[PDB]
Amino acid sequence: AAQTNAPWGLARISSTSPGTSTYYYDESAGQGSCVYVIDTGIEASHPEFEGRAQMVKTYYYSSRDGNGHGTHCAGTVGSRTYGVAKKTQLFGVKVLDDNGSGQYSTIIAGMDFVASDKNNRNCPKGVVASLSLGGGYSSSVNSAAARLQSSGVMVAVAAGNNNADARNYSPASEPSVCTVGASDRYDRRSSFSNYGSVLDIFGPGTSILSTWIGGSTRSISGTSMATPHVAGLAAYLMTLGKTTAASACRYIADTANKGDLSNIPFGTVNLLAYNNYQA
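If you count the sequence shown from 1, position 219 lands on 324 in the authors' numbering, and the numbers rise without skipping.
This is the structure in structure tokens:
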């Protein structure tokens with residue numbers, strides 16, 4: 106299934122060469138998969154989600170996304186126009202208030218909630234979590250993602266947007282999850298994208314156009330935009346049955362495009378998400 110006029114990033118994870126417009130993907134499109142989108146929420150009413158985005162927990166007075174950065178990166182996972190698994194099931198864990206922040210204690214509990222909420226859902230292909238967050242280092246947040254990862258969920262966390270070694274920021278530092286760097290449309294590492302040894306894959310994260318609140322769209326930039334690309338790809342491949350949940354970070358790493366990113370510091374992987382969709 107080819108998508109004309111697709112975002113530069115959807116197309117970039119389905120091509121070996123940058124600068125294309127078409128997003129080629131398997132007809133399945135991640136159906137039977139659940140991607141817990143852990144952010145500022147989801148505007149589950151957005152027409153783009155087609156009745157597949159569902160708010161299941163909030164840690165503030167409202168389940169509403171009054172920010173967008175939650176509805177955006179949920180739309181990058183599995184919205185019909187700007188998603189990677191545009192048939193997946195989305196679940197909104199609102200651990201961030203309507204302006205980005207949120208305690209470390211809440212983020213752990215939202216992660217701890219996904220590990221147990223999945224045990225009463227219909228996700229036969231598998232359960233994924235896109236973590237489009239990222240504060241400073243925290244062995245508690247890291248433990249919370251490893252515990253979430255080592256429970257049956259494919260955890261995808263952002264390296265961070267501060268152009269440094271990601272190992273000083275959580276849950277990016279956590280080895281067992283899939284820490285995601287950010288790539289720009291000319292196959293260069295995003296100016297902000299954190300680097301490091303613990304990074305496991307890079308995704309399209311600069312000028313990422315996807316859903317927004319108010320039924321609109323927006324092009325924003327961050328590793329938290331490169332994250333949901335890889336989160337839906339993981340679900341696109343676990344629906345494809347190509348890989349398993351607690352094993353899906355490495356398939357993307359092993360099936361990635363290698364040696365195509367410019368400015369990857371010596372020691373950081375040079376891997377870009379590629380869905381291998383041979384038409």
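Quick reminder that beta carbons are idealized off the backbone N, C-alpha and C, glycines included.
Inset, instruction - Take the Cβ of residue 363 as the centre, count every other Cβ of all protein chains shown within 10 Å, and call the residue buried at 16 or more, exposed below. - result: That one is exposed.
Legend entry - residue 307 in three-state terms, based on DSSP: If DSSP states are grouped into helix, strand and coil, residue 307 belongs with the strands.
Inset, instruction - Just mark residue 350 as buried or exposed, buried being the case when its beta carbon has 16 or more other beta carbons within 10 Å. - result: With 16 or more other CB atoms across the displayed protein chains lying within 10 angstroms of its CB, residue 350 is buried.
Inset, instruction - Within the same chain, show all residues whose beta-carbon is closer than 7 Å to that of residue 335, passing over the 5 residues directly before and after it, in chain order. - result: Within the same chain, residue 335 has close Cβ partners 261, 283, 285, 306, 308, 357 and 378.
Legend entry - As assigned by DSSP and simplified to three states, the class of residue 139: In this structure, residue 139 counts as strand in the three-state DSSP scheme.
Legend entry - Identity of the residue in 330, 287, 195 and 207 nearest residue 155 by Cα: Comparing Cα positions, the closest option is 195.
Legend entry - Backbone CA spacing between residue 267 and residue 237 [nearest angstrom]: Approximately 14 Å between the Cα atoms of the pair.
Inset, instruction - Grab the span of the beta strand (DSSP E) containing residue 261 for me, first residue to last. - result: Under the DSSP assignment, residue 261 falls in the beta strand (DSSP E) whose first and last residues are 258-263.
Legend entry - Exposed unless 16 or more other CB atoms sit within 10 angstroms - verdict on residue 152: Exposed is the call here.
Inset, instruction - Give the range of the alpha helix (DSSP H) segment to which residue 239 is assigned. - result: Note, residue 239: premise wrong, no alpha helix (DSSP H); not H, not E.
Legend entry - Candidates 327, 368 and 232: closest to residue 354 by CA position: Checked all of 327, 368 and 232; the closest Cα to residue 354 is 232.
Inset, instruction - Grab me the residues of residue 300's own chain with a C-beta within less than 6 Å of its C-beta, minus the 5 sequence neighbours each way, in chain order. - result: Answer for residue 300: 370 and 373, listed in chain order.
Inset, instruction - Assign residue 220 to one of three DSSP states: helix, strand, or coil. - result: Three-state result, residue 220: helix.
Legend entry - Classification of residue 254 by the beta-carbon crowding that lies within 10 angstroms, buried from 16 upward: Residue environment for residue 254: buried (at least 16 other C-beta atoms within 10 angstroms of its C-beta).
Inset, instruction - Measure the Cβ-Cβ separation of residue 173 and residue 337 and say whether it is below 7 Å. - result: No.
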